[PDB]
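The chain below stands alone, shown as structure tokens; this is the form deposited without its partner chain.
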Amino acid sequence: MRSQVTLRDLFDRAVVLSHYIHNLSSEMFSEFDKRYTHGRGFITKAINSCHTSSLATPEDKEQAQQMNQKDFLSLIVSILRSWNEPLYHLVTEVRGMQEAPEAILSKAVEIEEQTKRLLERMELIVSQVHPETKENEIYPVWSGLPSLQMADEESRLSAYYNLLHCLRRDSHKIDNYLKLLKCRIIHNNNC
């Protein structure tokens, strides 16, 4: 929309949100981990199957810097829109039948709304800088639902472990990305 939005203003709050959302994801993940896998022998296993990994992303900074700006910003939107369904199901899954984690839920609800909040911001950024960008419509599919809703404690709990991990990973991606774009478009520029 509008309400006197400048590109400086858009980025100002895009970075405030992306930093917040990431820190909240580390909080959520570290809390789940502690609370949910600290007395058990569950397998850590690193950077597992993240649904956003199918999309072309820079896995570096010079790679990100070198990148076409138009594609970079659309990438950011695709990631953010791909976290809709899994974040809806997370909240519904904690919320539904499921018990205690009133504290993890409280946090899932915020991540869910703040992401959507970030996406509109990002959509405006794009319209302002690259209005020639066409309706995005490409976003990676998510298939973790079956694994979230398993009877087997180890399977289900790890499916949660991994989704929170991936989320903490990707919210960290977006943050580095937005810093990099803000520093360029708004701040100290090479001419």
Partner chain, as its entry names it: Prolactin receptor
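Superpose the two forms; the largest set of C-alphas matching within 1.5 Å is the rigid core. Positions refer to the first chain, counted from 1.
The form deposited with its partner chain bound is left out here; the points below concern that form.
Among residues of the shown chain, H172 is one whose heavy atoms approach its partner chain to within 4.5 Å in the deposited bound form. The closest heavy atom approach of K34 to its partner chain in the deposited bound form falls outside 4.5 Å. Proximity of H19 to its partner chain in the deposited bound form: non-hydrogen atoms within 4.5 Å are present. Interface membership of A151, defined by any non-hydrogen atom within 4.5 Å of its partner chain in the deposited bound form, is ruled out. Stretch-level contact analysis of 133 to 141, 38 to 46, 152 to 160, 120 to 128 against its partner chain in the deposited bound form, using heavy atoms and a 4.5 Å limit, identifies 38 to 46. Heavy atoms of every residue among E59, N176 and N189 are located within 4.5 Å of its partner chain in the deposited bound form.
Core-based superposition between this form and the one not shown shows that, of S26, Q149, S155, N48, only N48 has its Cα displaced by 2 Å or more.
The pair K173 and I47 is at least 3 angstroms farther apart at the CA level in the deposited bound form than in the present model. Annotation for the pair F42/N162: C-alpha atoms approach each other in the deposited bound form, by 3 Å or more compared with this form.
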